[PDB]
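**Student:** Numbering (the deposited numbering), first residue to last: 538 to 809.
Just so it is clear, CB atoms sit at the ideal spot from N, CA and C, and this is done for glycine as well.
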């Protein structure tokens, strides 16, 4: 799915990721019978001309877009927009989950958090079955498509976004900043990227969800984050500690001891 630079209209900036800038935009395309179709899109732009990153940046989105699952983000295509590398993605009204959590943690309850966790686990189980590694599971990379509306019996609806640049090519300084989302074995060797990687990160993301969007270890510097792993610290149990044991099971320093997503789904459904 290749798109032209002329077809893309940049609107307001909407934050950034690792070596990436986000913008609200409009995708313009000519249809048959002279029709003009405009689509509200999120534009993910790679800073400068990062060549090795662009390949990793796009290789990740491409592999995931080849698959179809209702809790995975929809990518429309890419633009080698001259001096820009752009991923064109569906626009989500309510933004990322971490921002939504910190603003609504007052009116979010155990059931809301369990449903959202199940949808994520369903997406991760689907990726596990297809042996596809995400590598950057975090609340910031979860998108809220729909708010809860019990009046109409509608649950919240989230989607897992793209990984971005792979942690196998990023500067180790960046990986250390992403502790405790980047699992320990990837801090010692970024070639340890495995299916077990995403199970750890899912645990950290569950901690975010239970903690109302608090970012674990965000106050610490990179050296204390490293020491956190060197001494095999675990994150403390959230106030809403209904998922503490599952978080601990997922954040196991031994990759082989992390539960399958089939089992994570079992543990989540049992709480209901």
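Since residue 731 contacts residue 792 with CB under 8 Å, what's their CB separation in whole angstroms?
**Tutor:** 6 Å
**Student:** Can you tell me whether residue 550 is helix, strand or coil according to DSSP?
**Tutor:** strand
**Student:** Going by alpha carbons, who is nearest to residue 671 out of 651, 736 and 794?
**Tutor:** 736
**Student:** Counting along the chain, where does the alpha helix (DSSP H) carrying residue 588 start and finish?
**Tutor:** 588 to 602
**Student:** Taking C-beta to C-beta, are residue 734 and residue 747 nearer than 8 Å?
**Tutor:** no
**Student:** Measuring only the C-alpha atoms, how far is residue 576 from residue 598?
**Tutor:** When only Cα atoms are considered, residue 576 and residue 598 end up about 19 Å apart.
**Student:** Secondary structure at residue 653, three-state DSSP: helix, strand or coil?
**Tutor:** The DSSP-derived three-state label of residue 653 is helix.
**Student:** Ignoring anything shorter than 4 residues, give me the alpha helix (DSSP H) runs that lie fully in the region 607 to 689, in order along the chain.
**Tutor:** 634 to 641 and 647 to 666
**Student:** For the alpha helix (DSSP H) that contains residue 767, what are its first and last residues?
**Tutor:** Per DSSP, residue 767 belongs to the alpha helix (DSSP H) from 759 to 767.
**Student:** Does the Cβ-Cβ distance between residue 716 and residue 766 come in under 8 Å?
**Tutor:** yes
**Student:** Does the separation of the CB atoms of residue 610 and residue 698 fall below 8 Å?
**Tutor:** Yes.
**Student:** If we count Cβ pairs, one from each stretch, closer than 8 Å, do we get three or more for the region 690 to 710 versus the region 674 to 682?
**Tutor:** yes
**Student:** Thinking just about the alpha-carbon of each residue, which of 613, 541 and 578 is nearest to the one in residue 621?
**Tutor:** 541
**Student:** Based on the DSSP output, what are the partners of residue 562 in its beta bridges?
**Tutor:** DSSP lists 547 and 578 as the bridge partner or partners of residue 562.
**Student:** With which residues is residue 694 paired in a DSSP beta bridge?
**Tutor:** Paired residues: 683.
**Student:** Just verifying my parser: in three-state terms, what is the DSSP assignment at residue 712?
**Tutor:** helix
**Student:** Apart from the five residues just before and just after residue 538, which ones in its own chain have a Cβ nearer than 7 Å to its Cβ?
**Tutor:** Once the five neighbours on either side are set aside, the close Cβ partners of residue 538 are 613, 614 and 615.
**Student:** Taking its Cβ as the centre, do 16 or more other Cβ atoms sit within 10 Å of residue 787, making it buried, or is it exposed?
**Tutor:** buried
**Student:** Comparing alpha-carbon positions, which option in 592, 595, 617 and 646 lies nearest residue 809?
**Tutor:** 646
**Student:** In angstroms with no decimal places, state the Cα-to-Cα distance between residue 658 and residue 548.
**Tutor:** 33 Å
**Student:** For residue 712 and residue 664, what's the separation of their Cα atoms in angstroms?
**Tutor:** 22 Å
**Student:** Counting along the chain, where does the alpha helix (DSSP H) carrying residue 782 start and finish?
**Tutor:** 781 to 787
**Student:** If you draw a straight line from the C-alpha of residue 756 to the C-alpha of residue 714, how long is it?
**Tutor:** So the two alpha carbons sit approximately 11 Å from each other.
**Student:** Verify whether the separation of the beta carbon atoms of residue 702 and residue 556 is less than 8 Å.
**Tutor:** Going by C-beta atoms, residue 702 is nearer than 8 Å to residue 556.
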